[PDB]
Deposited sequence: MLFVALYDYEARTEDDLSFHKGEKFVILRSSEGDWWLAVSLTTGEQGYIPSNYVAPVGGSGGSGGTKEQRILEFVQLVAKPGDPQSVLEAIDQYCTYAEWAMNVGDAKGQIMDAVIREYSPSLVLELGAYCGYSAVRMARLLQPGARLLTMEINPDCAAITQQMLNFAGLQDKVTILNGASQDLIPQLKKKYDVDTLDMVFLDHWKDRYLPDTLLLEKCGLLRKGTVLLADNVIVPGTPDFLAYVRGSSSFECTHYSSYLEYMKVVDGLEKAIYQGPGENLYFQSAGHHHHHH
């Protein structure tokens, strides 16, 4: 991750940045047996540094490494910055299953169009989408995310702490089918304005039917489902588009999001 410059270096080529010895860099990936792609801590610029000038300092899983990149590169308490850091690392360093910047354009439009006062995310992972949505909630508005994996939950918590969004989000530890019935009970929710679906692709139908059967859906509650089409959510995308209880709308960027506005029982 963290490297230091051993020698001063003026930029030659078209793709490299300049630096003084002692400047730190956080490394995105190598290229040849030389060249790294990196971010200057001094200027936040991304570019190529030659391996002859640079060496590792001492800064396990992909998930701590995304979190570590954010804490080195992004401005804390600035959600836009954190999103750009995760985007940057997951573009050039390591693929990760966050909804990207692309599908995140869609969510921004849906979140903005429908001003939810209360959102349920199913699948936090590294906290990318939680930040993406919570940065757009009106003051007072709440986000609730559900994450099985306690490991993914621990990272999501730090990622929110870093973004400054911890105060308007609440991670819930467990599987969906465990937690969804607990919702009105244990976390005083009446109905849900919006639900985001990016957890395991098969559970998109139990949980939908469960939430319905739990009353948490109201007329007008918006269901947004990631990874229809790619991976593939085939019985969800059939249940919902043929049920009179949902008006569906499809969006691309070819993967896509399905908007499913609940029209009632």
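Positions of the deposited sequence absent from the coordinates, in order: 60 to 64, 259 to 265, 278 to 293.
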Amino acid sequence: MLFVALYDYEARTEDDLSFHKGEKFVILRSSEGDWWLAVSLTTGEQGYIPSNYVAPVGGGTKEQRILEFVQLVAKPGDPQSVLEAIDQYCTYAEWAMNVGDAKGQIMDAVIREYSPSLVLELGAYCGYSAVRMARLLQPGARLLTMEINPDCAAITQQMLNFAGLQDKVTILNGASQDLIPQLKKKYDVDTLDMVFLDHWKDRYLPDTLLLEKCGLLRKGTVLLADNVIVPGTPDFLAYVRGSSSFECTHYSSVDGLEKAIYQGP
From here on, numbers count along this sequence of modelled residues.
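Here 181 to 189 and 129 to 137 are compared by their mean Cα B-factor, and 181 to 189 comes out higher. Of the two segments examined, 66 to 74 and 229 to 237, it is 229 to 237 that shows the higher average Cα temperature factor in the deposited entry. Based on the entry's C-alpha B-factors, the most elevated value among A55, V26, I49, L210 belongs to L210. Residue-level temperature factors show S176 in the highest third of its chain, judged at the C-alpha atom. When the modelled residues of the chain are ordered by their C-alpha B factor, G33 lands in the highest third. In the deposited entry, the Cα temperature factor of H250 sits in the top third of values across the chain's modelled residues. The entry lists a Cα temperature factor for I148 that places it in the highest third of the chain's modelled residues. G60: CA B factor lies in the middle third for its chain, per the PDB record.
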